[PDB]
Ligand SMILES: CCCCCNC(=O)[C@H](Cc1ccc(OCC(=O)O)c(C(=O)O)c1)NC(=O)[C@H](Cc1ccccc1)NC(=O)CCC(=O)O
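Only one chain is given next, in structure tokens, and it is the form deposited without this ligand.
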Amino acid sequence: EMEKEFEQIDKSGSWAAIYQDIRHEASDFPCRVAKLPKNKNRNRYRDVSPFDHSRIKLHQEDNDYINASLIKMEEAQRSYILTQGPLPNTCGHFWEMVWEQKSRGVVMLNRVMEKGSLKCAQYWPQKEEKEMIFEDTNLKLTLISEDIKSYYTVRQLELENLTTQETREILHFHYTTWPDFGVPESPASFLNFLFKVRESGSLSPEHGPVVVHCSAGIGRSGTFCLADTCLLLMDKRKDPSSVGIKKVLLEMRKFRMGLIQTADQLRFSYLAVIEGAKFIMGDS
């Protein structure tokens, strides 16, 4: 039982210690493509890079590089693409990746400005009548509708491949209330958001992998994928208490470095899974 695990760590105040064991135990694989000089301006942070073996490749000949990783959770039948918040010069690459990977949903866990600094380019349109065109990748993006709620916003976007004149509907799920510092006090609104993403079909295997990002694509983004996969495994397994958060987290870190950036995010991830378990053990 992980509810017990939680009390013992919390009573002992040993979150920082747990977190360090994860750090020391985590995989390290080469990131040679990310560190090429021609890609320096495609990385928002010098210390956050995709591993070569799991990086997403753009279907480009000049430069196929984008700071994005495929997380493949085989037992759960879930795949995610985790990426950084786009830079002013990588918005076209971002939407190219969504197109090429056949994704249905984009999950955004940050605000464009936090702590007085820009964390992400404004990569979607803010008004229906002012569409965006990405000339480098030949894509057009139109805002179709926007549903603003207290904790999150959902947008319907139309992505058009100008080369083929094909169009696809993309759902943008934007969690807007993650605090500038720390983690939410309660996981309730985070879990409600996660279940809205689930209910949309965006995580389902008929579609390409959902795209998840925050600023670096490892902290908040990691919390989202970890909670979703843990809750799914507790639905699937004969023994739900066989699901270990630390084991799942180390498996995901084989695919992208640094997932879960602070001991507070680790604690929050436990809280979200524990609370979410109450709903998937059957509270209709």
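Don't overthink the numbering: it's just position in the shown sequence, from 1.
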item	value
Stretch exceeding the other in mean C-alpha B-factor - 131-139, 111-119	131-139
Stretch with the higher entry mean CA B-factor, where the candidates are 152-160 and 185-193	185-193
Identity of residue with top Cα B-factor, from 55, 220, 253, 46	46
Residue with highest C-alpha B-factor in the PDB entry, from 243, 259, 66, 227	243
Within-chain third of residue 167 by Cα B-factor, per the entry	highest
B-factor third for the C-alpha atom of residue 30 within its chain	middle
Within-chain third of residue 205 by Cα B-factor, per the entry	highest
Third assignment of residue 96 from its chain's C-alpha B-factors	lowest
Cα B factor band for residue 70 (lowest, middle or highest third within the chain)	lowest
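Below, we refer to the form solved in complex with this ligand, which is not included among the displayed structures.
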property: Partner contact for residue 220 in the deposited complex: this ligand, 4.5 angstroms, heavy atom; result: yes
property: Contact label in the deposited complex: residue 214 to this ligand, heavy atom within 4.5 Å; result: yes
property: Contact of residue 46 with this ligand in the deposited complex (heavy atom, 4.5 Å); result: yes
property: Residues in 177-212 with any heavy atom within 4.5 Å of this ligand in the deposited complex; result: 180, 181, 182
